[PDB]
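Student: Dropping a structure here in structure tokens format, bear with me for questions.
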Amino acid sequence: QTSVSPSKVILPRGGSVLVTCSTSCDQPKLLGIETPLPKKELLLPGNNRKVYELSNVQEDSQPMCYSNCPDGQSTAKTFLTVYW
Amino acid sequence: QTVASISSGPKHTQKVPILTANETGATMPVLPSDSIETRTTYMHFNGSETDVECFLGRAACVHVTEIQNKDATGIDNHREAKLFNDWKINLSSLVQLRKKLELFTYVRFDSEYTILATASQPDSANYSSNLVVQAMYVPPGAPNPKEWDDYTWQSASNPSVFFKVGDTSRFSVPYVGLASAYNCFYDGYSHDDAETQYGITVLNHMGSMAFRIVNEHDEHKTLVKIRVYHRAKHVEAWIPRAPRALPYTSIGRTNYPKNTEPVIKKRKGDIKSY
Amino acid sequence: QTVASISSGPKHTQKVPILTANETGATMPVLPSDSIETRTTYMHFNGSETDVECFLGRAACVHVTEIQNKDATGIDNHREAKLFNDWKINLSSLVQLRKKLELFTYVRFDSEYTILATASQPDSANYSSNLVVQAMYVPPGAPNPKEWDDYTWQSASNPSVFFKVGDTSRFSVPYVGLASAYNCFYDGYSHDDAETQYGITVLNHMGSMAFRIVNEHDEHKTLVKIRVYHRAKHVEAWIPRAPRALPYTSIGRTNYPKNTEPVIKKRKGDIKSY
Amino acid sequence: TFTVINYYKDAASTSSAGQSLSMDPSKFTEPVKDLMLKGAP
Amino acid sequence: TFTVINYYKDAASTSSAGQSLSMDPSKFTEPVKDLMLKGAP
Amino acid sequence: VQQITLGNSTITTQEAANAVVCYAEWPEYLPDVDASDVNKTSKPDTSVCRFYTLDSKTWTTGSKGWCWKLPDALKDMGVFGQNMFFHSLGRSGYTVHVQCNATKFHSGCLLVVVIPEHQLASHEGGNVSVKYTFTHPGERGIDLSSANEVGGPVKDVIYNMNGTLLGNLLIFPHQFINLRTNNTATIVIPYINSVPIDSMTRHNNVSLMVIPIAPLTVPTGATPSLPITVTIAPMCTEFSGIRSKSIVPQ
Amino acid sequence: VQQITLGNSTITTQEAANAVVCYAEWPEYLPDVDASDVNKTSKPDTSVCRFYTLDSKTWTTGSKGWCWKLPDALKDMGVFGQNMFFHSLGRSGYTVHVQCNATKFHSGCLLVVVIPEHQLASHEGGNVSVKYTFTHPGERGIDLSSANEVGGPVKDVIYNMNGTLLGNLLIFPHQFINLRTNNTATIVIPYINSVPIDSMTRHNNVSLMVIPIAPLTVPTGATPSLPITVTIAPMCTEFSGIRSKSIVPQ
Amino acid sequence: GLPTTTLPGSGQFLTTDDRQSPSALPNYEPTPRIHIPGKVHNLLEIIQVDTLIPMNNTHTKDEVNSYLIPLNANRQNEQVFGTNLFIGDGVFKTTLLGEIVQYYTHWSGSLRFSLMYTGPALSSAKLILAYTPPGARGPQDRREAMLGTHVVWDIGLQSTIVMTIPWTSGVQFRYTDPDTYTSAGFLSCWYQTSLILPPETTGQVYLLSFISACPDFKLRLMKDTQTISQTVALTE
Amino acid sequence: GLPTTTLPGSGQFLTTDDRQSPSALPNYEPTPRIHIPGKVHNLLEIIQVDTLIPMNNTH
């Protein structure tokens, strides 16, 4: 099943956070994170895990990791909160 | 010779071809000969350059990545060190090509790839290395290499091309879509689920390319920039579409950024100005 | 067009094709048209990529060795110094290729070899040398060179190819087995003896390759990595076999390591889970 | 005036196909049909 | 649609042969014969 | 006059209703040469080939437009909806009949357009997706004049909800409902897809957009609205892979 | 019913015994076009073409299976064994008849499979070889349920003693002995080798494996065992290069 | 000299090009081809042979028991087994079909699923084997299962049922690796009536499940198999 | 060896040359072409369809 780390994070307004998407499938075809934030895929080897630096978080957002893996839930949402 | 215009004199026609009803959704082929007296001219023109094969059919740079040849001893993340790099093949990352392709809903083509490798040695170097690049086409969903000298590179099945830096490789890939054509637009989901991704689909998986420098390290670091050029050939296109007006924001989505600038130019003057 | 499925309606058959006896060891060709009402579809498919010629038929790296070009004055063991290296040809050292070949008992093919030489100069060097590699195919059982500049390299009979480092050589070797096909599996011995080796046989001797850098030494040391790529062509295969499930441990043996991990994945749930 | 030999066994390897002769825009410009002449199957 | 000239005298030098047309799995899937019809030599 | 009778349904039009057949292609059953799925298809009778009328929209002076997605809009329509839910695969054409009558004193122009693969844009930007519930609204469709929702599509009719300009939407099969000229529009849609048949639930083959281009101008003192009614009939519908009824969200 | 009479031997079966002919190829004498050895071959009479019964194995609830190698299992069988020892070269087909009868209350399923070039794995790993004495056991064969021996093969039936999974052994010519259905299995094996003829002593052409797949479940209070009997007849046997009798270990 | 223009890709080593090349052993005459039985022309020939499915893959180690589907007496309206139909994964990964399938990326066509009953001759059972095409969940009760493709199997003198899983898809090819869009559906088996054992017999009887390909099977895009791996070159 | 003379431009990558090239997926059989309506052969076919002009571009 698709997984996101962290499950939840509280971060300062405008800061960056690293969100990890992972699958149980070893070889997923689609794996990413859906978010309106500016993001940067960290150079990381492998197919079933990705890390994104979601930059300049301004509001409460719910970035969703997605995949095409058919085991379990193919999507996982994380909850970003801003404090200011 | 194909006639462009026929000779036509005064007309007191009761079958008015210039009065129609656009409410019907048809563009009736009204010609100059219908509203003005015309002479007879010839086309002298076949329209060879407007055929979809030519319109969508020259090589365009669709990916650029830099990889390095350096001492790999004592590095955990080779991908981060840019010892190798992989890329899920897509023709959406360059906007000129994307807009041209997005003029159609379904597109079917074979792919001709040209990979150009160019070396640079910014730091002090005594000479220019004779480096060899391995460009490995990995089939859709196949495992990408995880380290620079992983055994995935020695795959007995993945197509690989070895070429010198500074030179090019060229190889064609047939149309590899599951369906009869690529879905440049997909108004659906992979399955009936409340949270699943919209639009982006596995139907349009064209494969992936992994790149490394085969050579072991020299005393200096060499930076290699790999440019992948894609040329579509044997192109078939269906269902013309409204051209893209707004900037893109992501691959596989029709999203556009918030607060975009107006597309339609404002007139310098009123509606009567020329 | 070859028919994949024929139109078939309701069936009140007394010649039940779906009840059989697997005790007989035959896979009776029961089709979808036998158990469900079907429409008529066509294959649109020849199965060109499942032919053994294609399945076992692309170039794979089957050996990699590093040799050196350095001052050879005052060295007793040139082989240890990596001035040259030899290798008994075998397609068993890479597991992907081995498993594919081991899907069959007997295999007959001609060999197309591609040797890629790539140079590296890790230590301080003022320039990159223009080195030439000699890849010498030695027939089965023929003497391998014993030193870097031995007279064995000047053999008037051994096929040799000279090519620049950074470039490739390509040459085909016909099927060279004594028997009508290679024995990818051999359940026997070379002769009736109590202590003699099992399985590994001289029937499958494909030759050997020796490699050296022809150039005399420069002021610096150059490390050359030689990758041998084998491509089987004109492939004939007999007697399909159970695929390999466990890791390999040696060439020519079916041995697997002790305490290996289970092959069959365990179910996340009971036998009823989907 | 022009010559091509196919050097490879695959259709994907051939150069571009050229021009689609039979081009007709009525598919898009004149898609109107009277539905009272029973053109529907 | 396709052309090959043999440039070398050896059969081992030719490119791959292509596809074995006459493929039939009954060798492996239907190897059962009644031994009471005397099929044995 | 004109009359179209499908099954137990009939639409009469005192306008000389000229129909647009998208790309001059009539709906047709999947031929053998194009078929991949081997199961014998279920070709329903009068029970599905009939006009289903959706609930009417009100066209006001400031309404932006409406969007329906097929076959989603008919998922709850009599026998067709049931078959769409009970089968794994389905393909269908449509006869769309958009109706909007007024007097000779009204002015306004609707653009009725059918967009194959009308992938909607999200109003949030980046790579956010439009959620299933918003792209499968049902017979109510999407009202472009309402406000944005979390996970909903963008609703600026100028950009067709996809980043293309409205003026260019005439490249798709369309008809105008010009209140001075005509009160009905008829578009016959064939099955359009890269695959011969597909899942009717997770994929919307076409989108029907009814967009006011020339705004509604009612005569002085008149009620400032007109009802727009959409009537659809499945045509050459096929179903394959009957099984337990699918479970979709909402 | 069925009856096969070879020489002075006869096997009668009240089951409609259907025979598997490996790869739909009957045993045949070496044709001239394939022959390399020039000597006129010795084609024995009734003296060898006959059914030899091996000693019976006992099938218990916890037995893993048995493996015989041909022609090794027949090296001590009447005239065939002598000819196999006196000649330098030999090729032969086989008619294997595996017999296991029970009542309608027993359950269990044997997989009778013929593996050409069944190169056995050593249980020690690395590159250790299985010694001659273990791969040439004779009419007793290899019992997969016994313990490992120094120089013996590995005996985990799940991996076929060669590193392949048991489930996949159906790619080879096989028959099941399903106690509810049948009590006998018949496989006709042709000569299979990369060479037209070979030394019968140092090389085993085929391996016969009888493996319990569905375990033996005897009725309540019944003796928890069944005998399994293997009967083999050489077919189209040829010998070449007669000389002094070979000396093999054990 | 014939004027020529070298094109891009000149001097490249593409591992799949398959051109003529000079022979290192000119005039060599290879051993003549003798008749060897069981010649394989195409891999589509061998995938059509049934091999056992480790359907009961609930054990910590690999055992023969992994291939035995337990059947219990006096079970009513109950499920025997259920699996998804990702043929290049799960219970199918190790079968011959799955192994050959993992060497390719795309697959199309119908599958042949077989069950062999191994219980005593004096037992009786009616089972219903159901194929649920994609789009619906794995059936959780027999009623749900019997709305799709199914076969009611009466165990008797013919101990083997052969149900075909018809190619049931919109898209013409499915991915051999598990994917939501190209999901192939579900396979389940249920007790139609029940299993009845004769007196003097007790315990579990077993089914053997086999998988194979129908002659309409297709495999397209070659890839490496993830079944076997190596980190070091092997030697003799 | 056929005597040849390499011309200028040898080894150049011209982005519009359109020559034959070796296939990376030999023997691959692409999905058959099904009938999809609205096939576009030439762009001169689609420019003949009327689209609205933003003539009142004064906003």
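What follows draws every value from the coordinates through simple rules; no lab data is involved. Methodologically, a virtual Cβ is constructed for each residue, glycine included, from the backbone with ideal geometry; neighbour enumeration extends over all protein chains shown.
Student: Under a crude label model (7 Å from the Cα following the beta-carbon direction), how far is residue G:140 from residue F:247 in nanometres?
Tutor: 6.1
Student: Right, something else. Determine the principal axes of the Cα atoms in the protein assembly as shown, then give the extent along each, sorted from largest to smallest and rounded to whole angstroms.
Tutor: The principal-axis extents, from largest down, are 123, 91, 75 Å.
Student: Pulled fully out, how much extra length does the chain show between residue C:14 and residue C:273, if you take 0.36 nm times their separation in residues and subtract their Cα-Cα distance?
Tutor: On the way: separation 259, 0.36 × 259 = 93.24 nm, distance 3.53 nm.
Contour length minus Cα-Cα distance gives 89.7 nm.
Student: Which trypsin sites (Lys or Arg not before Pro) in the range A:5-73 sit in a loop by DSSP (not H, G, I, E or B) and have at most 15 other Cβ atoms within 10 Å of their own Cβ?
Tutor: Working: sites: A:8, A:13, A:29, A:39, A:40, A:49, A:50; in loops: A:13, A:29, A:39, A:40.
Here the sparse-neighbourhood loop sites are A:13, A:40.
Student: If you don't mind, another one. Bin width 5 Å, alpha-carbon pairs only: give the P(r) of the range G:199-250 as whole percents, running from 0 to the bin holding the largest distance.
Tutor: Going from the shortest bin to the longest, the percentages are 4, 9, 16, 16, 14, 10, 9, 8, 7, 5, 2, 1.
Student: What does the copy distance list look like for residue G:43, label position 7 Å along Cα→Cβ, in nm and ordered from shortest?
Tutor: List, nearest first: 6.3 nm.
Student: Mind ranking I:31-43, B:177-189 by how tightly packed they are, going by the mean number of other C-beta atoms within 10 angstrom, highest first? Write down the numbers at each step before the final one.
Tutor: On the way: I:31-43: 20.9, B:177-189: 25.0.
The packing order, highest mean first, is B:177-189, I:31-43.
Student: In addition: For n ≥ 4 DSSP H runs only, could you compute -39500 (n - 2.57) per run for chain F, divide by its residues and tell me the 222 nm figure to the nearest 500?
Tutor: Using -39500 (n - 2.57) per qualifying helix, the result is -1000 deg cm²/dmol.
Student: Looking at H:72, F:211, B:72, which one has the Cα that reaches farthest to the positive end of the dipole of the protein assembly as shown (charges on Cβ: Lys, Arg +1; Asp, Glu -1)?
Tutor: With unit charges placed on the Cβ atoms, the residue in question is F:211.
Student: With viscosity set to 1.306 mPa s at 10 °C, what whole-number translational diffusion coefficient in µm²/s follows for the range F:31-171 from Stokes-Einstein and a Kirkwood radius over Cα pairs? Kindly include the intermediate steps, with their values, before the conclusion.
Tutor: Working: Rh = 17.6 Å.
For these conditions, the coefficient is 90 µm²/s.
Student: Mind jotting down the distance between the C-alpha centroids of the range A:9-84 and the range H:176-195, whole Å?
Tutor: 32
Student: For a quick check: sort F:194, A:74 by the number of other beta carbons within 10 angstrom, fewest at the front. Could you put the intermediate results ahead of the total?
Tutor: Numbers: F:194 28, A:74 25.
Fewest to most other Cβ atoms nearby, the residues stand as A:74, F:194.
Student: In whole Å and largest first, what semi-axes does the C-alpha gyration tensor of the range H:91-134 yield when each eigenvalue is scaled by 5 and square-rooted? Please list the in-between numbers first.
Tutor: Details: eigenvalues 178, 44, 10 Å².
Sorted largest first and rounded, they come to 30, 15, 7 Å.
Student: Using only the Cα atoms of the range B:8-73, each taken as one equal point scatterer with no solvent, compute I(q) by the Debye sum, divide by I(0), and report log10 of the ratio at q = 0.13, 0.15 Å⁻¹.
Tutor: Cα-only, vacuum Debye calculation for the range B:8-73: -0.72, -0.83.
Student: Just the number: Rg to Rh for chain A, Cα atoms, Kirkwood Rh, two decimals.
Tutor: Details: Rg = 12.5 Å, Rh = 12.7 Å.
Reported Rg/Rh, Kirkwood definition of Rh: 0.98.
Student: Next question. Would you work out the charge dipole size for chain E about its Cα centre, treating the Cβ of every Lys and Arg as +1 and the Cβ of every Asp and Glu as -1, and quote it to the nearest 20 debye? Spell out each step's value before the answer.
Tutor: Numbers: 4 positive and 4 negative charges, 22 e Å.
That gives chain E a dipole magnitude of about 100 debye.
Student: Separation between the residue I:6 and residue C:157 pseudo-spin-labels, each 7 Å from Cα along Cα→Cβ, expressed in nm?
Tutor: 3.8
Student: Still on this structure, I have one more. Using only helices, what value at 222 nm comes out for chain C when you add -39,500 (n - 2.57) per DSSP H run of length 4 or more and divide by the total residues, to the nearest 500 deg cm²/dmol? Numbers along the way, then the final one.
Tutor: Values: 2 runs with 11 residues, N = 274.
Here the helix-only value at 222 nm equals -1000 deg cm²/dmol.
Student: At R0 = 35 Å, how high is the FRET efficiency between residue B:94 and residue A:26 if r is their beta carbon distance? Nearest 0.05 is fine.
Tutor: Once the sixth-power term is evaluated, E becomes 0.70.
Student: Here is a follow-up. Go through D:27/H:223; G:69/G:245; B:99/H:93; A:50/D:9; C:100/G:131 and tell me which ones have a Cα-Cα distance over 32 Å in this structure.
Tutor: Working: D:27/H:223 42 Å; G:69/G:245 21 Å; B:99/H:93 42 Å; A:50/D:9 40 Å; C:100/G:131 28 Å.
Check vs 32 Å cut-off fails for D:27/H:223; B:99/H:93; A:50/D:9.
Student: Find the percent of Cα-Cα distances in chain I that exceed 14 Å, and round it to a whole number.
Tutor: Within chain I, distances greater than 14 Å cover 82 percent of Cα pairs.
Student: With labels modelled as points extended 7 Å from the Cα through the Cβ direction, what inter-label distance (nm, one decimal) is found for residue F:33 paired with residue H:196?
Tutor: 5.6
Student: Would you kindly calculate the mean projected area, averaged across all directions, of the convex hull enclosing the Cα atoms of chain G, in square nanometres?
Tutor: Orientation-averaged projected area of the Cα hull: 14.1 nm².
Student: Post the alpha-carbon centroid distance, the range C:205-274 to the range C:19-45, in whole angstrom.
Tutor: Answer, in whole Å: 37.
Student: So for chain A, averaging the separation of alpha carbon pairs under 8 Å that are six or more residues apart and normalising by length, what relative contact order in percent results?
Tutor: Details: 222 pairs, mean separation 34.9, N = 84.
It rounds to 42 percent for chain A.
Student: Then there is this: Please compute the Kirkwood hydrodynamic radius of chain E from all pairs of different C-alpha atoms, in Å with one decimal. Mind showing how you got there, number by number?
Tutor: Details: mean 1/r = 0.0668 Å⁻¹.
Here the Kirkwood hydrodynamic radius works out to 15.0 Å.
Student: Still on this structure, I have one more. For the protein assembly as shown, with only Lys/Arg (+1) and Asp/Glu (-1) charged at the beta-carbon, what is the dipole magnitude about the Cα centre, in debye rounded to 20?
Tutor: Using Cβ point charges on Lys, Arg, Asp and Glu, the protein assembly as shown gives about 2520 debye.
Student: I would also like to ask the following. With N set to the residue count of the range F:120-250, report its C-alpha Rg divided by 2.2 N^0.38 Å to two decimal places.
Tutor: On the way: Rg = 17.5 Å, N = 131, 2.2 N^0.38 = 14.0 Å.
Relative to the rule-of-thumb radius for its length, the range F:120-250 sits at 1.25.
Student: Which Cβ of chain F lies nearest the axis of the rotation superposing F onto G, and at what whole-Å distance?
Tutor: In chain F, the Cβ lying nearest the symmetry axis toward G is F:33, 39.
Student: Between F:175, F:107, F:92, whose Cα lies farthest towards the positive end of the dipole of the range F:2-242 when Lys and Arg beta carbons carry +1 and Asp and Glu beta carbons carry -1, centred on the Cα centre?
Tutor: F:107
Student: With point charges of +1 on the Cβ of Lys and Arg and -1 on the Cβ of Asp and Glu, referenced to the Cα centre of chain C, which listed residue (C:25, C:174, C:104) lies farthest in the positive direction of the dipole?
Tutor: Towards the positive end, the residue furthest out is C:25.
Student: Would you mind telling me which residue in F:223, F:135, F:58 has the biggest mean-square fluctuation in a Gaussian network model of chain F, where springs connect alpha carbons within a distance under 10 angstrom?
Tutor: In this elastic network of chain F, the residue with the biggest mean-square fluctuation among F:223, F:135, F:58 is F:223.
Student: Let me know the Kirkwood hydrodynamic radius for the range B:85-136, please, with Cα pairs as the basis and the value in Å to one decimal. Show your work: numbers first, answer last.
Tutor: Working: mean 1/r = 0.0668 Å⁻¹.
With all distinct Cα pairs of the range B:85-136 included, I get 15.0 Å.
Student: Continuing with the same structure: Taking every pair of alpha-carbon atoms in chain H, what share in percent sits in each 5 Å bin, from 0 to the bin with the longest distance?
Tutor: 1, 5, 11, 14, 14, 13, 11, 8, 6, 5, 4, 3, 2, 2, 1, 0, 0, 0, 0
Student: Taking chain B as a Gaussian network, Cα atoms linked when under 10 Å apart, which of B:139, B:174, B:32 shows the biggest mean-square fluctuation?
Tutor: Comparing B:139, B:174, B:32 in the GNM, the peak value goes to B:32.
Student: Just check the range B:70-226 against the gyration tensor rule for me: Cα atoms, a ≥ b ≥ c as the square roots of the eigenvalues, rounded for a/c under 1.5, and otherwise prolate or oblate depending on whether a/b exceeds b/c. Kindly include the intermediate steps, with their values, before the conclusion.
Tutor: Working: a/c = 2.31, a/b = 1.91, b/c = 1.21.
Cα axes put the range B:70-226 in the prolate bin.
Student: Continuing with the same structure: For residue C:130, go 7 angstrom from Cα along the Cα-to-Cβ vector, then report the distances to that same point in the other copies in nm, smallest first.
Tutor: When each copy's label point is compared with this one, the spacings are 0.9 nm.
Student: Considering the rotation that carries chain C onto chain B, locate the chain C residue whose Cβ comes closest to its axis and report the distance in whole Å.
Tutor: Closest Cβ to the C-to-B rotation axis, residue and whole-Å distance: C:127, 4.
Student: Would you mind checking the range F:230-250 for residues with the amide N under 14 Å from a putative spin-label position 7 Å along Cα→C-beta of residue H:143?
Tutor: F:244-245, by backbone N distance to the label point.
Student: Taking loop as defined by DSSP and a crowding limit of 11 other beta carbons within 10 Å, which trypsin sites (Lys or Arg not before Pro) in the range C:1-98 fit? The partial results should precede the final answer.
Tutor: Values: sites: C:11, C:15, C:39, C:58, C:70, C:79, C:82, C:88, C:98; in loops: C:11, C:15, C:39, C:58, C:70, C:79, C:82.
Answer by residue number: C:15.
Student: Of the candidates B:205, B:12, B:217, which one comes out as most mobile in a Gaussian network treatment of chain B with C-alpha springs shorter than 10 Å?
Tutor: Most flexible of the set in this elastic network: B:12.
Student: Something else about it: What order do you get for B:66, B:261, C:236 when you list them from fewest to most C-beta neighbours inside 10 Å?
Tutor: On the way: B:66 13, B:261 7, C:236 21.
Listing B:66, B:261, C:236 from fewest to most nearby Cβ atoms yields B:261, B:66, C:236.
Student: Just to compare against my own numbers: the Cα pair-distance distribution for the range H:110-211, 5 Å bins, whole % per bin, please.
Tutor: 2, 12, 21, 20, 17, 12, 8, 5, 3, 1, 0
Student: Can I ask one more? Rounded to a whole number, what is D in µm²/s for chain C from Stokes-Einstein with the Kirkwood radius over alpha-carbon pairs (25 °C, 0.890 mPa s)? Walk me through the numbers before you get to the answer.
Tutor: Values: Rh = 23.3 Å.
Diffusion coefficient, whole number: 105 µm²/s.
Student: I would also like to ask the following. Which distances in nm, rounded to one decimal and ordered from shortest, link the label point of residue B:10 to the equivalent label points in the other identical copies, with labels set 7 Å from Cα toward Cβ?
Tutor: Label-point distances to the other copies, shortest first: 7.7 nm.
Student: Under 11 Å from the 7 Å Cα→Cβ point of residue G:76, by amide nitrogen: which residues of the range G:234-250?
Tutor: G:250
Student: If r is the Cβ-Cβ distance from residue G:10 to residue G:47 and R0 is 22 Å, what FRET efficiency results, to the nearest 0.05? Walk me through the intermediate numbers first.
Tutor: On the way: r = 16 Å, r/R0 = 0.73.
Computed FRET efficiency for residue G:10 and residue G:47: 0.85.
Student: Here is a further query. Mind checking the range F:185-250 for trypsin sites (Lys or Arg not before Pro) that DSSP puts in a loop (not H, G, I, E or B) and that have at most 15 other Cβ atoms within 10 Å? Please list the in-between numbers first.
Tutor: Numbers: sites: F:202, F:243, F:245; in loops: F:202, F:243, F:245.
Those satisfying the criteria are F:245.
Student: Still on this structure, I have one more. Mind checking Rg over Rh on the range G:111-151, alpha carbons, Kirkwood formula for Rh? List each step's numbers first, then the result.
Tutor: Working: Rg = 11.2 Å, Rh = 11.8 Å.
The Rg/Rh ratio comes out at 0.95.
Student: For a label point 7 Å from the Cα of residue F:1 along Cα→C-beta, name the residues of the range D:12-41 whose backbone N is under 16 Å from it.
Tutor: What the label zone holds, given the 16 Å backbone N cut-off, is D:36.
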